[PDB]
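Here the structure comes first, spelled out in structure tokens, and everything after it is commentary.
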Amino acid sequence: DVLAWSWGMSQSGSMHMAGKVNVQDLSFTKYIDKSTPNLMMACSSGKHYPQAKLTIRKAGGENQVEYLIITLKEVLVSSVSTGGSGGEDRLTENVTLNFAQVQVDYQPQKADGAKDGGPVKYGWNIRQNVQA
Amino acid sequence: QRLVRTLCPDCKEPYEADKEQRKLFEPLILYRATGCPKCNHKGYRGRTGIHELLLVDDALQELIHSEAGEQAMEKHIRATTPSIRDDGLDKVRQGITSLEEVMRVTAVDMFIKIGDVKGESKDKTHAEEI
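Here the protein sequences come in this chain order: E and F. Under PDB author numbering, read the first sequence as residues 535 to 551, 557 to 671, first letter to last. Under PDB author numbering, read the second sequence as residues 390 to 414, 420 to 500, 511 to 534, first letter to last.
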């Protein structure tokens, strides 16, 4: 269960005169659950997973539209930051993810809520620095 | 619900709408009343209904309970349900009733357009922008 997330990229090229893209690691917040030790093991050992898929979905339930799906391939666990306080009932932790490739699929919707056409795709191989 | 007189199909006049008329709703032709022997001698014969179906869902059940108000409730209603006028204007496009008949019974905004990339703006002028 993802409580929050943050991810970005930056282009060094300028129009005042080429550059290169710098894709950041995908950070996300989560509760301390049964996956916590496995992510710490992956971060410590440095063994990457074949795929990691972040899924965002509209408010309502399971039948609502998954309007943003970020798929990652060859994914390391770059860092794990955990902790807690005396007032919290459920403790949380931040986890960052380094990856070779990335695929973002946004699904547009109409006013009523139905899917407006197909999903708009963005794919990029960061390792080879090309489109995917 | 409102009723609107139906333009007689034998004698109605096609005309391109002006700017103020086009703002209500690429040759957009509407139709005018006129008058004639079946038309006898007005621009209409018969009628049809135009509607606006408010459907009370989970969001509207709160607004009624907590007393948000007509305005706040009207704002959420326009997000989901089409208006009375919009249902009438669709029939004007189809060529059933006139625009005269539908009307009688009836913080800074910021947008950006990057090349030919389409966004999701609901604005009338700045449509499909970011």
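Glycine included, each C-beta is placed from N, C-alpha and C at the ideal position.
- Counting the other Cβ atoms within 10 Å of the Cβ of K612 (chain E) gives 16 or more, which makes it buried.
- The C-beta distance from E409 (chain F) to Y425 (chain F) rounds to 17 Å, too long to fall under 8 Å, and the pair is not in contact.
- Short of 6 Å from the beta carbon of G440 (chain F), and not among the five residues preceding or following it, lie these beta carbons of its own chain, in chain order: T395.
- With fewer than 16 other Cβ atoms inside 10 Å of its own Cβ, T529 (chain F) counts as exposed.
- With respect to the C-alpha of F414 (chain F), the residue from F:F515, F:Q488 and F:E524 having the closest C-alpha is F:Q488.
- C-alpha of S584 (chain E) to C-alpha of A650 (chain E): approximately 48 Å in a straight line.
- The straight-line gap separating the alpha-carbon atoms of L630 (chain E) and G600 (chain E) is approximately 25 Å.
- In its chain, beyond the 5 residues on either side, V393 and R394 have a beta carbon closer than 6 Å to the beta carbon of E495 (chain F).
- For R441 (chain F), the uninterrupted beta strand (DSSP E) segment begins and ends at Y438 to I444.
- E:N633 is the residue among E:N633, E:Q563 and E:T610 whose C-alpha sits nearest the C-alpha of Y570 (chain E).
- Apart from sequence neighbours up to five positions away, the residues of its chain that approach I534 (chain F) with a beta-carbon distance below 6 Å are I516 and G523, ordered along the chain.
- Of F:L454, F:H459, F:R479 and F:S460, the smallest CA-CA separation from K469 (chain F) is found for F:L454.
- In the structure shown, the three-state DSSP call for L483 (chain F) is helix.
- Counting only runs of 3 or more residues that sit fully inside the region 582-618 of chain E, the beta strand (DSSP E) segments are 588-595, in chain order.
- Beta-bridge partners assigned by DSSP to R394 (chain F): F:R441.
- Separation of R479 (chain F) and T500 (chain F) (C-alpha to C-alpha, rounded to the nearest whole angstrom) is 6 Å.
- Spatial neighbours of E405 (chain F) in its own chain (CB-CB distance under 7 Å, excluding positions within 5 residues in sequence) are listed in chain order as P421, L422 and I423.
- The shortest C-alpha to C-alpha distance from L607 (chain E) to any of E:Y661, E:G558 and E:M543 is the one to E:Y661.
- With respect to the C-alpha of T474 (chain F), the residue from F:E461, F:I490 and F:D452 having the closest C-alpha is F:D452.
- If you draw a 10 Å sphere on the C-beta of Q640 (chain E), you find 16 or more other C-beta atoms in it, and that means buried.
- For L493 (chain F), the secondary structure class from DSSP, reduced to helix, strand or coil, is helix.
- Taking 9 Å as the cut-off, the beta carbon of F567 (chain E) is found no closer than this to the beta carbon of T621 (chain E).
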